[PDB]
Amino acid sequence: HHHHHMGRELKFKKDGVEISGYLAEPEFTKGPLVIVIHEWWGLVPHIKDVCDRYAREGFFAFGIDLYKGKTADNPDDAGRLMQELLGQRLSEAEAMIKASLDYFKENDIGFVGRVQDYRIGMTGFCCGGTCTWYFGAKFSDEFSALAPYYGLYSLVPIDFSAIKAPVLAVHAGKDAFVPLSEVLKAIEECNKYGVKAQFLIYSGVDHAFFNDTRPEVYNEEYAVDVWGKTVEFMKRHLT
């Protein structure tokens, strides 16, 4: 079928940094590229599954590993990994993103015939939503669509003034980690700088409601809804 897709582990070095992650590839529908950034657990099966889902919709999807091969299954370990990434290793993570983009472009991954140019998006969840905003602002000439899910705005400074891509920002109405007052502040910054950002806030659900492997927070109805919206948005801006 036209939806056929496979996946493979990448591991290589470029411009002095080690890149690894999971690349899901459509067999027939060789479309735009989406970079997918994991939660604070690391690059676990759920995130690779999300990549596969993108590939079935006609996107190359790269689940980049920002934790150098480490994963966590408990909050104490996960918290340590995330703090190290966002504190000590942020410049390294930036370099990994940049080297990844260069790699894909050199391999013509993400080249779209209709526009005769590259079309690369980025999405992520939790910590990965923070990263989507942050890297979206840092590499504002590289991305054509951003879809951060329930990122925190208070961890690293997001340069809203630099964002050039359209943004679909997904938030949970009862998010324990991201108060609605923080979302409001992000909206006001987007208003101030003319960022083309749409904020989608689902009432009644918690942080990580998209994660189907976490029955304590997963919400099927909204997960299905938001997937529909996200795919449509990525198609609109990347094809």
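One-based numbering along the sequence shown.
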{"property": "Per the entry, higher mean C-alpha B factor between 173-181 and 28-36", "result": "173-181"}
{"property": "Residue range whose averaged C-alpha B-factor is higher in the record, 47-55 or 210-218", "result": "210-218"}
{"property": "Residue selected from 123, 100, 144, 91 by maximal Cα B factor", "result": "91"}
{"property": "Residue with maximal Cα B-factor (values as given in the PDB entry) among 168, 152, 165, 96", "result": "152"}
{"property": "Ranked against its chain, the third holding the CA B-factor of residue 62", "result": "lowest"}
{"property": "B-factor third for the C-alpha atom of residue 9 within its chain", "result": "middle"}
{"property": "Chain thirds of CA B-factor: placement of residue 109", "result": "middle"}
{"property": "B-factor third for the C-alpha atom of residue 129 within its chain", "result": "lowest"}
{"property": "CA B-factor placement of residue 148, once the chain's modelled residues are sorted into thirds", "result": "lowest"}
